[PDB]
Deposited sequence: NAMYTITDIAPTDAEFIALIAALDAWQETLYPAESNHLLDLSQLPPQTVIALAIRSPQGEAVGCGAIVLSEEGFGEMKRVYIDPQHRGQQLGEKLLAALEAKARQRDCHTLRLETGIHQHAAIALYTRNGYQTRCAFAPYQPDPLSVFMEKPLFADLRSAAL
């Protein structure tokens, strides 16, 4: 089963905020709403009930880079390739916006995410604006076409 659904979401949607809040509550083991809205791609994965169950986002720069962030899948829906489904969907949207390279930063603690990106062609790299090699952070990127 990946007969879940993918749809746009407002980063200001209560459902988005809830996934994000859960993401941040876990990382303990705001910012997306402010930005110019053209510059943000944000998506959700929904159960067949219609419950937002995962999400993620890409912030696009004017030189064709995109930064991937705020990716999370609710724990009860893991084990069945949703990260994959979502990731591909964010990439597809980034291409339609001429984005040529996706990069991301996550903590070294985030093993599931890190492996998901690796399984799909992201490769480790150095710090990029606006981060300074906080190590440990892990920076990754992938050429899209």
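Residues of the deposited sequence that lack C-alpha coordinates fall in the stretches 30 to 38, 155 to 162.
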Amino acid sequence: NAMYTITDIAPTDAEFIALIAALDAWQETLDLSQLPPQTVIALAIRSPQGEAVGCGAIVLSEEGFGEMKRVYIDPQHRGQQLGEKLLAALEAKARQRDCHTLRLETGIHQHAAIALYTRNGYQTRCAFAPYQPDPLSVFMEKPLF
From here on, numbers count along this sequence of modelled residues.
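Per the PDB record, of the two stretches 123 to 131 and 15 to 23, 123 to 131 carries the greater mean B-factor over its C-alpha atoms. Once the C-alpha B-factors are averaged per stretch, 52 to 60 and 35 to 43 rank with 35 to 43 first. The top Cα temperature factor in the record, among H109, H100, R70, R78, falls on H109. Take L104, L87, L30, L116 and read off each C-alpha B-factor from the entry; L30 has the highest.
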